[PDB]
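What follows is a set of notes on a single structure, which appears directly below.
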Amino acid sequence: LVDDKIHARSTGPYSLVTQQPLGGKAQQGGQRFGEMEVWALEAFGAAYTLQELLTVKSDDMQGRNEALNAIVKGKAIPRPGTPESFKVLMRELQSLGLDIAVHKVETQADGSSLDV
Amino acid sequence: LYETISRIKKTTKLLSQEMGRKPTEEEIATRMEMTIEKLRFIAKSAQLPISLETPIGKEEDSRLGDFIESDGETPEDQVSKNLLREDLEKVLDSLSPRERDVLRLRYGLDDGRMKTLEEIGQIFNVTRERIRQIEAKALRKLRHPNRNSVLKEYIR
Amino acid sequence: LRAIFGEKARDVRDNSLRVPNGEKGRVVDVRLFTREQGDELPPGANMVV
Amino acid sequence: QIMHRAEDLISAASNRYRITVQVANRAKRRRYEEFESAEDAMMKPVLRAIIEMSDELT
Amino acid sequence: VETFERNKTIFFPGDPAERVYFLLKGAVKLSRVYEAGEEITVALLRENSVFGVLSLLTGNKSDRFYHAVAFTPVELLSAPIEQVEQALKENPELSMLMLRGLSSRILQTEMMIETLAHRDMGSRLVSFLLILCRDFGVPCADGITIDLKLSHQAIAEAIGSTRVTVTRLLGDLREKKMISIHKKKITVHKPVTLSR
Amino acid sequence: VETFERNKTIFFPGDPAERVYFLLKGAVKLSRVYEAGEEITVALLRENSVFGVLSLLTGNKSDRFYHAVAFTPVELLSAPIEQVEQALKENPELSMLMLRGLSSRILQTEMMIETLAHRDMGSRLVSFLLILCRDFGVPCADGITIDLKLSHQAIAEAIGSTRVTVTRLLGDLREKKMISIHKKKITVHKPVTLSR
Amino acid sequence: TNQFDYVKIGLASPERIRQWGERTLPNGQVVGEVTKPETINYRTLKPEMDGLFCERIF
């Protein structure tokens, strides 16, 4: 019956490990945007949404919040950061005989660093 | 404890013999030497954890643990709070800006709970008879309706 | 914010059980379960309702 | 009308992206600047932005 | 049988749980609030008895407009507004009961009246000092004293004092003959007699 | 509709007489009375409205220890003790009239009490002066004044000064530029605003 | 976005591996290593002090 399938989530509980909202059917879940779904976004024109959708409504943790806020404030929202599950992937990989140097190349002396 | 547990199991089975399904517990404690409180503790104590991802059940669709969250908190709380901050801030920060400093010094509004009036008295300008006076003064000031009646709703 | 109200706040989360949303309807029953009420519960639970 | 304007807007302008974004940021300013001036609850800063870019600007 | 500690409040202004209460024991003095500051207590009670007329002033829309106080470790009961609303709506006696208790808080005022805002900060301090000994006093040998563990400047709320409580009272304590102290005690010697 | 000469009395202790004294007009004060050489005039009233708290204090058997006063040319109605007895004994409505009244005066004390409780010959008045124009005031141009001739010490009874305060009343007109005076006219300029 | 440009896939030499958990302290003596395979304690639940959940190294 209809009620058997109705849902909504402004926001709610997240995941454990991977903080992205806890989508399972009973309890404030969230719509998963698989590749083929993103294949309908980047296939379209202006795809910010994409971006953000990928993050602030799922992962930049702090990103999440303070967005939220930022609307409550009454203005726009701030630029995102990097989602989580990246950072996670680092970890694994690193945990497996790696030397990941995600890293910038700045200065006129072009500067090679690394990061968190 | 492993042994104690087993020993209990056997001893309780003896009770079960006379009192089927050993419903006796505290009576079993006459032979268990301890309130069921520990007996039940033992029960849970002797539990083996679960894969966090046994595929759920009634459907092989998913593992477990994928319906909970980490030690983190939802923005909904985060924000509310942070409101508090400023809400306050201004609302305090509209009576005796200097004293307002000590309001954050001898208290929070930053990262001390505290700077013991002692240390604080001199911290701002070296003082002994100008502190708990302006302290209460500050509170009672931002207290009472119109003043405290601003956190009256945001009691966070 | 205590101090201001100097509310010596309480200490107790309060996980009542609430009807979630989108339900109605009379209540038929209850079935309490504790040491006396069958005690059908996980090891260390007190009441089940 | 705004609809036809929205059309004309991008029926004779730069990359349909290129536009938008500049529609966007504009409104961003239209919101940042004139922050909550006329309520705007109805004429969203974006809407403004569009009309003032699809008719005023045109 | 609600209650608190020697350093607390019962409530504020603005706070709409204004129904007649029932100080079961202890004073639980109420400190009527003010704008910038300075709070009388005025109110001060006994066994069983009520305080905080709220759903009663501007109807049930009254704002306490007077912060409260858990003066000593409280002890205070209350009752569903109905008791002073529906249950009161009934026979007068019912309302009268609350009115009699209100008359107590009222009598209290009259008691402060004259004794308070008298003129001198010494006579006045005593004008209700003996009164105090008649309220939470402790009779013992010397005579009807209080004994409650107290300031020098809560006292000042008695006058608008600064050191009078610790200085002038010392007089009555010895130079003048009227009370004595045990670290923070009061031994009213007397109803009148010496020091009168 | 009883009344008495200006600045007379409605009774003395020992003679509660007809318990009630529904003070109608004039707008009239009860001076209290007691050993204290001073006898604060606490009660002060309006149209229609009551006094009479006699055949009730301490469950009756209570004299009106507050020697009364026919303050301005009075105007006061009353009603036999029994009249209220049976009345209140019956439905409360006929006397909800009467408990709303009570409130009027019960609260009439606490306020001005917040003023008198201000131990000082200054602000205490600036606050009290407002209350006046807020009750028997006369708004006119300057603003909400009283217009009732002020007997100087009439305002020194709630303070305790002698004549310094009497030239402080001048302040109101001069430095305070907050009232004026015209064969004892009384011209509160303002709710606050030539001297807040 | 402006934190880095390219990634550097590769291997973790034993120094780099041991360079994943040193957390040397001011007592001056290194850690990050775990000397226990067990997890939280049975009585309380706290993380041993050198097991899979040792705090002082995570």
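Residues are referred to by chain and number: the chain letter is A, B, ... according to the order shown in the structure tokens, the number counts from 1 in that chain, and ligands are numbered separately from 1 in the order shown.
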Could you give me, as a ChimeraX atom specification, each residue of chain B that DSSP assigns to helix (DSSP H, G or I) when run on this structure's backbone?
/B:2-18,26-29,36-45,75-92,97-105,117-125,132-142,148-150
If you keep C-alpha atoms, can you produce a file of those selected residues as a CSV table (one decimal), in the first residue's frame?
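What follows is the written file part.csv:
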```csv
chain,number,residue,atom,x,y,z
B,2,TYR,CA,34.5,-19.2,31.6
B,3,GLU,CA,34.7,-22.1,34.1
B,4,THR,CA,32.4,-20.4,36.6
B,5,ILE,CA,29.9,-20.0,33.7
B,6,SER,CA,30.2,-23.7,32.8
B,7,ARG,CA,30.1,-24.7,36.5
B,8,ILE,CA,26.9,-22.6,36.8
B,9,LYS,CA,25.5,-24.3,33.6
B,10,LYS,CA,26.1,-27.8,35.2
B,11,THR,CA,24.9,-26.7,38.7
B,12,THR,CA,21.9,-24.9,37.2
B,13,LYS,CA,21.2,-28.0,35.1
B,14,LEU,CA,21.1,-29.9,38.5
B,15,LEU,CA,18.5,-27.3,39.6
B,16,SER,CA,16.6,-27.7,36.3
B,17,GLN,CA,16.5,-31.5,37.1
B,18,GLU,CA,14.4,-30.7,40.2
B,26,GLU,CA,18.1,-16.1,43.0
B,27,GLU,CA,17.0,-19.5,44.4
B,28,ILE,CA,19.7,-20.8,42.0
B,29,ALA,CA,21.8,-18.1,43.8
B,36,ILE,CA,21.0,-13.3,38.9
B,37,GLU,CA,22.3,-9.8,38.2
B,38,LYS,CA,25.7,-11.4,37.6
B,39,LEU,CA,24.0,-14.6,36.3
B,40,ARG,CA,22.4,-12.5,33.5
B,41,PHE,CA,25.6,-10.5,33.2
B,42,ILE,CA,27.4,-13.8,32.7
B,43,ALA,CA,24.8,-14.7,30.0
B,44,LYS,CA,25.6,-11.5,28.0
B,45,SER,CA,29.3,-11.6,29.1
B,75,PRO,CA,24.0,18.8,11.5
B,76,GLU,CA,20.5,19.4,13.0
B,77,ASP,CA,22.2,19.4,16.4
B,78,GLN,CA,25.5,20.9,15.3
B,79,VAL,CA,23.9,24.0,13.9
B,80,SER,CA,21.4,24.5,16.7
B,81,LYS,CA,24.3,24.8,18.9
B,82,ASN,CA,26.3,26.9,16.9
B,83,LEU,CA,23.6,29.3,16.8
B,84,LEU,CA,23.7,29.2,20.5
B,85,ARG,CA,27.1,30.5,20.2
B,86,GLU,CA,26.5,33.6,18.6
B,87,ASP,CA,23.1,34.1,19.7
B,88,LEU,CA,24.5,34.6,22.9
B,89,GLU,CA,27.5,36.2,21.7
B,90,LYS,CA,25.8,39.3,20.7
B,91,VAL,CA,23.3,39.1,23.3
B,92,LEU,CA,25.9,39.1,25.8
B,97,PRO,CA,32.4,44.8,26.4
B,98,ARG,CA,35.3,44.6,28.8
B,99,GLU,CA,33.4,42.6,31.5
B,100,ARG,CA,32.1,40.5,28.5
B,101,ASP,CA,35.7,39.4,28.1
B,102,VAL,CA,35.8,38.0,31.7
B,103,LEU,CA,32.3,36.5,31.0
B,104,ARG,CA,34.3,34.4,28.4
B,105,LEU,CA,37.5,34.4,30.5
B,117,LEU,CA,38.5,34.4,39.3
B,118,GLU,CA,41.8,34.5,41.0
B,119,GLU,CA,43.9,34.3,37.9
B,120,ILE,CA,41.2,36.2,35.9
B,121,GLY,CA,40.9,39.1,38.4
B,122,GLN,CA,44.5,40.1,37.5
B,123,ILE,CA,44.3,38.7,33.9
B,124,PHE,CA,42.2,41.6,32.7
B,125,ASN,CA,43.5,44.4,34.9
B,132,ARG,CA,32.1,38.3,41.5
B,133,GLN,CA,30.3,41.7,41.7
B,134,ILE,CA,30.4,42.3,37.9
B,135,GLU,CA,30.1,38.4,37.6
B,136,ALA,CA,26.6,38.3,39.2
B,137,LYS,CA,26.0,41.8,37.7
B,138,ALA,CA,26.6,40.3,34.2
B,139,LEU,CA,24.3,37.3,34.8
B,140,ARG,CA,21.4,39.1,36.5
B,141,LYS,CA,21.8,41.8,33.7
B,142,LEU,CA,21.5,39.2,30.8
B,148,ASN,CA,17.5,35.8,29.6
B,149,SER,CA,14.2,35.7,27.7
B,150,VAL,CA,16.3,35.3,24.5
```
After a least-squares superposition of chain E on chain F over all Cα atoms matched in order, what is the RMSD to one decimal?
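After superposition, the RMSD is 1.3 Å.
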Among D:30, D:24, D:16, D:56, residue 43 in chain D is approached most closely, using only C-alpha atoms, by D:30
Go ahead and compute the interatomic distance for CA of residue 12 in chain G and CA of residue 35 in chain G, in Å to one decimal.
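The value is 21.2 Å.
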Hey, can you check how far CA of residue 118 in chain E sits from CA of residue 101 in chain E?
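Between these atoms lies a distance of 26.2 Å.
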Got a sec to pull out which chain C residues are within 7 Å of chain B, counting only C-alpha atoms, and send them as a PyMOL selection string?
chain C and resi 1+4+43-44
Distance criterion (only C-alpha atoms): nearest to chain E out of B:146, B:96, B:35, B:62:
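Closest candidate: B:146.
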Distance limit 12 Å, atoms considered: only C-alpha atoms. Which chain C residues sit that close to chain E? Return them as a PyMOL selection string.
chain C and resi 2-9
If the cut-off is 8 Å, can you tell me the residues of chain G near chain A, counting only C-alpha atoms? I'd like them as a VMD selection string.
chain G and resid 1 to 13 16 to 17
Selected residues written out with N, CA, C and O atoms, as a short mmCIF file (atom, residue, chain, number, x, y, z; two decimals), in the first residue's frame:
```cif
data_model
loop_
_atom_site.label_atom_id
_atom_site.label_comp_id
_atom_site.auth_asym_id
_atom_site.auth_seq_id
_atom_site.Cartn_x
_atom_site.Cartn_y
_atom_site.Cartn_z
N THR G 1 39.72 20.86 -3.38
CA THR G 1 40.01 21.08 -4.82
C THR G 1 41.44 21.58 -4.99
O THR G 1 42.23 20.92 -5.69
N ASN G 2 41.76 22.72 -4.36
CA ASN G 2 43.11 23.32 -4.49
C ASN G 2 44.00 22.80 -3.36
O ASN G 2 44.74 23.61 -2.76
N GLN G 3 43.93 21.49 -3.07
CA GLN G 3 44.79 20.89 -2.02
C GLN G 3 45.87 20.05 -2.71
O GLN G 3 46.95 19.88 -2.11
N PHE G 4 45.59 19.57 -3.92
CA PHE G 4 46.55 18.71 -4.66
C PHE G 4 46.07 18.56 -6.10
O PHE G 4 44.88 18.84 -6.37
N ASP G 5 46.95 18.11 -6.99
CA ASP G 5 46.58 17.96 -8.43
C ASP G 5 46.55 16.48 -8.79
O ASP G 5 45.45 15.97 -9.09
N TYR G 6 47.70 15.82 -8.77
CA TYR G 6 47.78 14.40 -9.20
C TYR G 6 48.03 13.47 -8.03
O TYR G 6 48.56 13.91 -6.99
N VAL G 7 47.66 12.20 -8.18
CA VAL G 7 47.92 11.19 -7.11
C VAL G 7 49.22 10.46 -7.47
O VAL G 7 49.65 10.54 -8.63
N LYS G 8 49.80 9.76 -6.49
CA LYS G 8 51.07 9.03 -6.74
C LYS G 8 50.93 7.57 -6.27
O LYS G 8 51.36 7.27 -5.14
N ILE G 9 50.34 6.72 -7.11
CA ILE G 9 50.23 5.27 -6.78
C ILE G 9 51.65 4.73 -6.57
O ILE G 9 52.60 5.33 -7.11
N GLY G 10 51.80 3.66 -5.79
CA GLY G 10 53.13 3.07 -5.55
C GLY G 10 53.12 2.03 -4.45
O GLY G 10 52.06 1.40 -4.25
N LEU G 11 54.25 1.85 -3.76
CA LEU G 11 54.34 0.80 -2.71
C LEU G 11 54.74 1.44 -1.37
O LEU G 11 55.15 2.62 -1.38
N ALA G 12 54.62 0.69 -0.28
CA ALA G 12 54.99 1.22 1.06
C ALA G 12 56.19 0.45 1.60
O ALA G 12 55.99 -0.64 2.18
N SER G 13 57.40 0.99 1.42
CA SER G 13 58.61 0.33 1.98
C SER G 13 58.46 0.21 3.50
O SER G 13 57.76 1.04 4.10
N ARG G 16 58.21 3.38 5.29
CA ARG G 16 56.92 4.07 5.02
C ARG G 16 55.78 3.35 5.75
O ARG G 16 54.91 4.03 6.32
N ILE G 17 55.78 2.01 5.72
CA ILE G 17 54.75 1.26 6.49
C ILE G 17 54.87 1.67 7.96
O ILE G 17 53.87 2.15 8.52
#
```
May I have the residues within 12 Å of residue 55 in chain G as number ranges by chain, using only C-alpha atoms and disregarding those fewer than 5 positions away in the same chain?
G: 23, 31-34, 39-40, 46-50
Keeping C-alpha atoms, export the residues of the selection given above as a tab-separated table (two decimals), in the first residue's frame.
```
chain	number	residue	atom	x	y	z
G	23	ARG	CA	52.93	8.84	16.87
G	31	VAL	CA	54.38	4.16	19.41
G	32	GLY	CA	51.68	3.55	16.74
G	33	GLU	CA	52.56	-0.18	16.94
G	34	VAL	CA	49.95	-2.57	18.48
G	39	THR	CA	39.72	-5.86	21.26
G	40	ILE	CA	37.93	-3.79	24.00
G	46	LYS	CA	37.82	0.39	26.91
G	47	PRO	CA	40.37	-0.13	24.53
G	48	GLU	CA	43.06	-2.14	26.25
G	49	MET	CA	46.16	0.08	25.65
G	50	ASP	CA	48.11	-1.78	22.89
```
Atomic separation - CA of residue 192 in chain F relative to CA of residue 127 in chain F, Å:
9.5 Å
For residue 86 in chain A, list every protein, DNA or RNA residue within 10 Å, evaluated using only C-alpha atoms, and leave out those in the same chain fewer than 4 positions away; present the list as a PyMOL selection string.
chain A and resi 18+59+82+90-91
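Distance criterion 9 Å to chain B, applied with only C-alpha atoms, yields residues 12, 13, 14, 15, 33, 34, 35, 36, 37, 38, 65, 66 and 67 of chain E on chain E.
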Given the selection you just returned, output its residues as a file containing N, CA and C atoms, formatted as a PDB file, in the first residue's frame.
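The resulting file, again11.pdb, is reproduced below:
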```
ATOM      1  N   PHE E  12      11.720  31.877  36.739  1.00  0.00           N
ATOM      2  CA  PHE E  12      11.878  33.230  36.269  1.00  0.00           C
ATOM      3  C   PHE E  12      10.591  33.931  35.986  1.00  0.00           C
ATOM      4  N   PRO E  13      10.659  35.164  35.526  1.00  0.00           N
ATOM      5  CA  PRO E  13       9.552  35.702  34.752  1.00  0.00           C
ATOM      6  C   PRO E  13       9.517  35.004  33.416  1.00  0.00           C
ATOM      7  N   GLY E  14       8.415  35.174  32.708  1.00  0.00           N
ATOM      8  CA  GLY E  14       8.295  34.549  31.427  1.00  0.00           C
ATOM      9  C   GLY E  14       8.014  33.069  31.467  1.00  0.00           C
ATOM     10  N   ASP E  15       8.267  32.390  32.587  1.00  0.00           N
ATOM     11  CA  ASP E  15       8.103  30.947  32.683  1.00  0.00           C
ATOM     12  C   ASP E  15       6.774  30.580  33.319  1.00  0.00           C
ATOM     13  N   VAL E  33      12.189  39.240  40.519  1.00  0.00           N
ATOM     14  CA  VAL E  33      13.309  39.768  39.676  1.00  0.00           C
ATOM     15  C   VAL E  33      13.135  41.261  39.383  1.00  0.00           C
ATOM     16  N   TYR E  34      14.146  41.878  38.762  1.00  0.00           N
ATOM     17  CA  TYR E  34      14.054  43.304  38.350  1.00  0.00           C
ATOM     18  C   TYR E  34      14.725  43.455  36.980  1.00  0.00           C
ATOM     19  N   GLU E  35      14.618  44.634  36.360  1.00  0.00           N
ATOM     20  CA  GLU E  35      15.276  44.896  35.051  1.00  0.00           C
ATOM     21  C   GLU E  35      16.794  44.749  35.194  1.00  0.00           C
ATOM     22  N   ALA E  36      17.500  45.863  35.417  1.00  0.00           N
ATOM     23  CA  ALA E  36      18.974  45.824  35.562  1.00  0.00           C
ATOM     24  C   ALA E  36      19.352  44.798  36.650  1.00  0.00           C
ATOM     25  N   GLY E  37      18.787  44.900  37.868  1.00  0.00           N
ATOM     26  CA  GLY E  37      19.065  43.899  38.928  1.00  0.00           C
ATOM     27  C   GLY E  37      18.446  44.201  40.293  1.00  0.00           C
ATOM     28  N   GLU E  38      18.935  43.560  41.372  1.00  0.00           N
ATOM     29  CA  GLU E  38      18.414  43.747  42.766  1.00  0.00           C
ATOM     30  C   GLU E  38      17.083  43.002  42.930  1.00  0.00           C
ATOM     31  N   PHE E  65       6.672  37.701  35.700  1.00  0.00           N
ATOM     32  CA  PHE E  65       7.303  39.044  35.842  1.00  0.00           C
ATOM     33  C   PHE E  65       8.077  39.105  37.164  1.00  0.00           C
ATOM     34  N   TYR E  66       8.338  37.945  37.778  1.00  0.00           N
ATOM     35  CA  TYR E  66       9.067  37.884  39.070  1.00  0.00           C
ATOM     36  C   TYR E  66       9.819  36.553  39.153  1.00  0.00           C
ATOM     37  N   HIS E  67      11.142  36.599  39.000  1.00  0.00           N
ATOM     38  CA  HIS E  67      11.996  35.379  39.061  1.00  0.00           C
ATOM     39  C   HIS E  67      11.833  34.736  40.436  1.00  0.00           C
TER      40      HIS E  67
END
```
Find the residues around range 48-59 of chain E up to 6 Å (only C-alpha atoms counted), leave out those fewer than 2 positions away in its own chain, and share them as a JSON list (two decimals) with C-alpha atoms, in the first residue's frame.
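And here's part_19.json as it stands now:
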```
[["chain", "number", "residue", "atom", "x", "y", "z"],
["E", 18, "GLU", "CA", 2.36, 29.64, 36.94],
["E", 19, "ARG", "CA", -0.02, 27.54, 39.02],
["E", 20, "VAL", "CA", -0.35, 27.96, 42.85],
["E", 21, "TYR", "CA", 2.34, 25.82, 44.50],
["E", 22, "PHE", "CA", 2.58, 24.31, 48.04],
["E", 23, "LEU", "CA", 5.98, 24.90, 49.79],
["E", 24, "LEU", "CA", 5.82, 21.61, 51.77],
["E", 46, "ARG", "CA", 6.26, 27.26, 55.92],
["E", 61, "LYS", "CA", -1.78, 34.33, 30.47],
["E", 62, "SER", "CA", 0.07, 36.07, 33.34],
["E", 101, "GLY", "CA", -2.70, 30.65, 51.74]]
```
